[PDB]
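**Student:** heads up, no residue letters with this:
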Ligand code: HEC
Ligand code: HEM
Ligand code: HEM
Ligand code: HEM
Ligand code: HEM
């Protein structure tokens, strides 16, 4: 992970690259999240199914 | 004819996801944080992409590049501190979101 | 019970897309380039992610960074040349797929075709921004030449060009902006490709005959998965031949000299994929006319579905349209060759005539020939 | 008007051919004793020649020969150090302007990537080094310019850099101008592409692996598609 | 009707072991499947 | 609309020329260090100045 | 009489676990064998050039 | 929408297929394959080739003409 | 004779397009003469039929000439040997194959390749060695 | 174009021209406002104070 | 007429739908009008079209052409879909004319 | 001695070749033309280019064999 004996230029460049890429992977995982949630709807504060009141 | 929102595939996906999704009427403000999390994600991506236009990742030039963003870049300080505090806002919203899931038993999903 | 592949949501999407998708049984090997294009996009993303871990976007350290990757990063040369030649393979497959859609009437899938046009523009932008990143003489001067074309736009050209540059001329700001854009754009390309596949799956995939193949649909999993793996292996053979035997065949040697803004390279020519648009641009004497023609070259594809006049979707059963199409391909090759060559007496006239022929074939000759074929068939 | 360099039969031209590391060692001798004075190789270091043409002990001994400036001491002043394998090849001139001043307004190009940078590769360098000729009739050379037909413009600031017995090789190979140019060009090719031999080895391995895999994957595709290929369809209306 | 069509001859495409119509295919099933799966295993090893 | 205009303007200006480049916009050339009959080329505005 | 391929199928190929065991062990041994063979091929093609060949003359 | 069950209506089309393990992967690959390749090439060549022949002629002419353009003209120095 | 002078004047192995054009002109002239003789001796039923026969013969001859010139000049260029008769042989065999294609017969194609290629090689040899088909009376 | 050449479509164009013109004005004002186009904005009295 | 017929026959043979056993209407692009025309086809003709198209697709899958004896002749090619397509286009034109005014 | 470079021998051999000989003759003719004219702007660079192209093409095939 360090790219060497200690934290250094390689670590900083790697982290810039990973930092750039990861948020997009988050943006895709969020879509998967919403698909799974849409399958089951949204829970209510009561915790009782709300198909009657939508 | 047909309604374009329903018929068109991308418009159909958007409609079902956000426009005409069946939603519980009682969901409280605690449920708002997820959309706030998405807004934070979008804001972070844009702000970090505008920061990245002015940020060099070499150890020699990183700190000087952030100082360049803050001082020389036009409205660069706004962008930089928006990103910095947006990270904190993101984590605050994430914690409140997981707390809502725990308190209201949303983990059953 | 239910099969998880058909009932789980993500597995449902994946199955519909690539396991149980009804695919025409007569699709040829020209239907393997698109999946090769997706493989190229994934390969570019991975190789670039590994390259960017070692690349710095400051003008002081960019060329030294690339040299560090080539000579000191372990297997860095493999990644760097894989990226460089993978871009060329990318554009080869892109052109081949555009040709396949033109020849077999796949442009009739309007939404997929237009999304593909958008994807082509995005990929070209990504390649141009990437070439500037190494910061060699070619990168700097080609960026200066191409970006300066935007100044031709009336009353906003100068401000737009300065805004893109980040300053008066191409400099450290432009390099950093291009690194950021080069990083972000491919993922936008991936999302656009997802939309592309969605629209295609809405209508299915056109077969070489141009006739509906709902009767002869075969499952994609036990047939086209292995066909595409074989095609990918062949493409990998070619790309690795480039990477390991001719790593610099498709690149100009001048980009191995650090950029000097005070001395121009002897020949300022764009990358080979951009050369035909460069030839078209140089053909038109006026700068704004050149920029507009370069835009129209790619944007003429948008008008392709409208220009269709044949009663038959595919060119397989239309010979004269086949002759015109192969004339168009030869013309594109000629435009690339002319764009590479210096502007002089023999090349200038050839380029002008070739551009005229490209536009004439696309807009006038092809539709009139299709009408003549319709009359000949008594349709 | 330019003269394209002839394609000399270099040993490494072969598809699966390797640079002769003996020629690389003699080329490094040639560079360190002739070219280094004016030209530079910023991107090559003595460590790079530790398993190519010199041994680790030899490389360290070579590095210790050349003094290098070192980071400032406690007093705050720079000092000169014997040299280490980590150190890159010494730069001949402090700054580019000084190099231009030394060489009649022309900057001796860096030779780290020269072979790749110039069209013709090693052939161009070999011809230019061995291609010096008296100025052609009707062509007048400005002061400090030497006629070289291959060089673009035919006027080069560099004086004929290689002559017979310019240096004495350790191997004892005759120090003819052609031999020196050949060794130096081989060394420059190694400098531009230090991965040349490894690239060739990987290419051989990839060619054999592809020759194995493509027929087998094709066989798998044929095995799966045989059901469709042999399919017999019969229309039997009522 | 259904009794007036016989499956067309595949003899040209058939493998040698299963060419004869008077010989059980179970005898050669192991050999044929082994050859195909050997191709598969070699491809997997190279990959 | 006011807020969105301001934010978008801020980002677009962030992409515009920075303070250092505008400071480098104007260059002072020291004559009498250029000998007669000699052309001195300086990098002003990122392009050769003769 | 079972053929060699039939014996291979029955012993290894039939159950995919034994199939993967065959695949992995063959992968290990094929890595060894192919690397050795192709390295020998390249060294022969370039005999007398590679540093390994000429290292002795200058070491010690 | 587009699923195997409801793609289209077809009647009275009987298809006979053979197992992959019962049939040879490469049947008559060369005895039949090469003549078919020759037939396809014969069909395609007349349409495909001529434009590339035109390209070759244009390329040779352009290269030779540029080479001639660079060459010296004796008349220029006659005086 | 002007067409023959046109074909000869272009240097061998150079200006392949002009050489092909000259060969096509020669083939067209020969086809026109053959068509005239065919129309006279074997009358055509209609003017349209006569035009069709003339077009067929002329196109066959022109295609033969064009293929011969194009292939011969291209071979001379690529091999870079201008005076070799093998280039003319290749051009002649290509012309014979073209004749076979136009006649839609393989046997005509092969026999024409052999004979026409040999004749073209002999013609090139006559050019090189100064052979005279018609000799001025010198005794 | 063949289908949309009739009396009804000409009537339809007349009905929607007032709306299209109004939307065009909205675009014109938005462009001038967003870009702060000094050429157009100089004429406007109160906004002229900006410059 | 004979000259036009000869050129038309040359085009028919140059195009390969005859080689694959297809008739001309089998090769028409399936636009909405063509889709309605196919929907209106009698059952026998629809089934014959389906089988011809399937056979052609199978032949193209193996990159093969039907035996020359079985090629569709120019004389015997029957434009089955043309009357239904003409009727469909007439109905569409009438509807468009009504829409115009 | 003088360690005669193989380049000298190979270029002398190549000069004794038809293309080299004719190129050299053309070069000599242009030399005489240019030398005679008092204020001519012409040069013999093109003829030298031809001659050296032929000579060094021959030298490419010959030279490296000598250099070991
Ligand atoms: C000064 C004493 C020199 C030494 C010794 C060598 N070179 Fe040189 N070189 C020198 C100058 C001043 C120049 C510039 C000439 C010009 O106008 O280009 C050069 C140039 C070269 C080049 C040309 C590269 C290019 O710009 O295309 C090459 C290839 C080159 N030099 C190589 C070279 C070699 C191989 C030498 C010894 C083995 C060598 N140089 C020595 C100055 C001097
Ligand atoms: C970037 C990260 C995330 C994003 C963008 C996101 C987004 C969303 C959104 C938009 C919703 C719709 C419901 C709502 O708005 O509250 C939701 C619901 C939910 N999320 Fe996520 N979330 C993220 C992270 C998480 C995490 C960390 C958890 C748990 C560890 C989680 C678990 C849930 C659960 C249980 C629900 C159900 C809500 C309900 O019952 O209605 N999410 N999320
Ligand atoms: C998506 C969620 C993200 C989170 C939680 C996040 C978080 C952070 C944090 C905490 C910092 C350091 C703040 C500081 O300056 O002290 C930072 C810096 C940075 N981020 Fe983001 N980030 C995100 C997305 C992105 C993206 C998508 C990019 C794309 C370029 C990006 C680019 C940058 C850059 C260039 C910096 C350094 C510039 C600076 O220090 O101001 N970020 N990020
Ligand atoms: C990154 C660039 C691209 C990628 C990754 C990509 C990917 C794909 C893939 C995987 C397919 C399905 C497989 C196939 O039909 O062969 C496809 C189909 C298609 N693509 Fe692309 N494509 C790209 C660019 C383009 C461009 C530039 C165009 C047109 C200018 C285009 C137009 C089409 C069309 C018309 C089809 C449908 C082909 C058919 O239905 O037979 N695509 N694309
Ligand atoms: C379809 C996608 C892409 C294409 C077509 C492309 C194209 C190119 C090209 C042609 C070069 C020049 C190579 C050279 O001059 O040697 C290049 C350089 C580079 N690109 Fe990309 N690129 C793509 C995606 C990416 C991605 C995803 C990244 C990072 C995540 C990236 C980062 C880089 C880097 C670091 C270099 C410098 C390599 C060098 O200097 O040799 N690229 N790219």
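**Tutor:** Yes, it's here. Residues are numbered from 1 along each chain as shown, chains lettered A, B, ... in the order given. Ligands and ions are numbered 1, 2, ... in the order given.

**Student:** ok, the longest helix seen in chain F near chain J or not?
**Tutor:** When chain F is parsed with DSSP state H, its longest helix is helix F:2-15. Yes. Residues of helix F:2-15 contacting chain J under Cβ under 8 Å from any Cβ of the partner chain: F:5, F:8. The way it works is simple: take the backbone N, C-alpha and C, and place the C-beta from them, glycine included.

**Student:** so which strand or helix has residue I:119?
**Tutor:** Here residue I:119, judged by DSSP states H and E, is contained in helix I:106-129.

**Student:** and the longest helix of chain F, what's buried?
**Tutor:** Neighbour-count burial for helix F:2-15 flags F:10-11, F:14-15 (criterion: 16 or more other Cβ atoms under 10 Å in any protein chain shown).

**Student:** roughly how far out does the helix or strand that it is followed by sit from the chain middle?
**Tutor:** Per DSSP H and E, helix F:2-15 leads on to helix F:19-23 as the next helix or strand towards the C-terminus. On the basis of Cα atoms, centre = their mean, to the nearest Å, helix F:19-23 sits 6 Å off its chain's mean C-alpha point.

**Student:** could you pull out the buried residues of helix F:19-23?
**Tutor:** Buried residues in helix F:19-23 (16+ other Cβ under 10 Å): residue F:21.

**Student:** returning to that earlier point: which elements pack onto the longest helix of chain F?
**Tutor:** helix B:33-52, helix B:76-103, helix J:7-35 (3 or more Cβ pairs under 8 Å, 6 or more residues apart in numbering or on different chains; DSSP states H and E).

**Student:** including mean neighbour count and distance to residue C:101, could those go into JSON lines?
**Tutor:** Formatted as JSON lines, the helices and strands packed on helix F:2-15 follow (neighbours: other Cβ atoms under 10 Å in any protein chain shown; distance: least, Cβ to Cβ, whole Å):
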{"stretch": "helix B:33-52", "mean neighbour count": "18", "distance to residue C:101": "32"}
{"stretch": "helix B:76-103", "mean neighbour count": "16", "distance to residue C:101": "41"}
{"stretch": "helix J:7-35", "mean neighbour count": "11", "distance to residue C:101": "33"}
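
**Student:** can I get those helices in JSON lines with distance to residue K:31?
**Tutor:** Formatted as JSON lines, the helices and strands packed on helix F:2-15 follow (distance: least, Cβ to Cβ, whole Å):
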{"stretch": "helix B:33-52", "distance to residue K:31": "42"}
{"stretch": "helix B:76-103", "distance to residue K:31": "51"}
{"stretch": "helix J:7-35", "distance to residue K:31": "23"}
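
**Student:** wait, which of those is closest to ligand 1?
**Tutor:** Evaluated over those, closeness to ligand 1 peaks at helix B:33-52, with 36.3 Å, by Cβ to the nearest ligand atom.

**Student:** what helices and strands are in contact with the closest one?
**Tutor:** Contact partners of helix B:33-52 among helices and strands, from 3+ Cβ pairs under 8 Å, 6+ apart: helix A:9-40, helix B:76-103, helix C:172-203, helix F:2-15.

**Student:** out of those helices, which comes closest to residue C:253?
**Tutor:** Nearest to residue C:253, of all the helices and strands packed on helix B:33-52, is helix C:172-203, at 21.1 Å by Cβ to Cβ.

**Student:** stretch L:15-33 and chain D, any residue contact?
**Tutor:** Yes. Contact of stretch L:15-33 with chain D (Cβ under 8 Å from any Cβ) involves L:30-31.

**Student:** do that stretch and chain I meet at all?
**Tutor:** No. Counting by Cβ under 8 Å from any Cβ, chain I has no neighbours in stretch L:15-33; the shortest distance is 12.3 Å.

**Student:** any idea how far the closest residue in space to residue D:230 that isn't next to it in sequence lies from chain I?
**Tutor:** If the residues on either side of it in the chain are set aside, residue D:230 comes closest to residue E:13, at 4.7 Å by Cβ to Cβ, 6 or more residues apart in numbering or on different chains. Computed as Cβ to the nearest Cβ, to the nearest Å, the residue E:13 to chain I distance reads 30 Å.

**Student:** residue E:13 contacts residue D:226, correct?
**Tutor:** Yes. Using Cβ atoms under 8 Å, residue E:13 is in contact with residue D:226, at 7.4 Å.

**Student:** between these two, what contacts are shared?
**Tutor:** Both residue E:13 and residue D:226 are contacted by H:18, H:23-24, under the criterion Cβ atoms under 8 Å, 6 or more residues apart in numbering or on different chains.

**Student:** can you narrow those residues to ones near chain E?
**Tutor:** Among the shared contacts of residue E:13 and residue D:226, the residues lying close to chain E (Cβ under 8 Å from any Cβ) are H:18, H:23-24.

**Student:** who wins on neighbours among those?
**Tutor:** residue H:23 (22 neighbours; other Cβ atoms under 10 Å in any protein chain shown).

**Student:** quick one: it and residue D:230, what's the gap?
**Tutor:** 6 Å (Cβ to Cβ, to the nearest Å).

**Student:** any shared contact partners between these two?
**Tutor:** Shared contacts of residue H:23 and residue D:230, defined by Cβ under 8 Å, 6+ apart, are found at E:10, E:13.

**Student:** can you name the residue of chain J nearest chain L?
**Tutor:** Residue nearest to chain L within chain J: residue J:39 (55.3 Å; Cβ to the nearest Cβ).

**Student:** for the host helix or strand of that residue, name the packing helices and strands.
**Tutor:** In this assignment (DSSP H and E), residue J:39 forms part of helix J:38-41. Under the contact definition 3+ Cβ pairs under 8 Å, 6+ apart, helix J:38-41 sits against no other helix or strand.

**Student:** in chain E, which residue sits nearest chain K?
**Tutor:** For chain E, Cβ to the nearest Cβ, closest residue to chain K: residue E:13, 11.9 Å.

**Student:** that residue: how many residues sit nearby?
**Tutor:** Number of residues near residue E:13 (other Cβ under 10 Å) recorded here: 16.

**Student:** ok, now residue I:74?
**Tutor:** 22.

**Student:** starting at the chain centroid, how far to the helix or strand it falls within?
**Tutor:** Using DSSP H and E, residue I:74 sits in helix I:47-79. Here helix I:47-79 is found 7 Å from its chain centre; the criterion is Cα atoms, centre = their mean.

**Student:** what angle separates the helix or strand just after that helix from helix I:47-79?
**Tutor:** Next helix or strand after helix I:47-79 toward the C-terminus (DSSP H and E): helix I:85-103. With axes from the mean of the first three to the mean of the last three Cα atoms, to 10 degrees defining the directions, helix I:85-103 sits at 150 degrees from helix I:47-79.

**Student:** what about helix I:85-103, near chain K?
**Tutor:** No. On the criterion Cβ under 8 Å from any Cβ, helix I:85-103 is out of touch with chain K, staying 14.6 Å away.

**Student:** hmm, who's touching that helix?
**Tutor:** So helix I:85-103 is contacted by I:12-13, I:59-60, I:63-65, I:67-73, I:75-76, I:79, I:81, I:106-125, I:128 (Cβ under 8 Å, 6+ apart).
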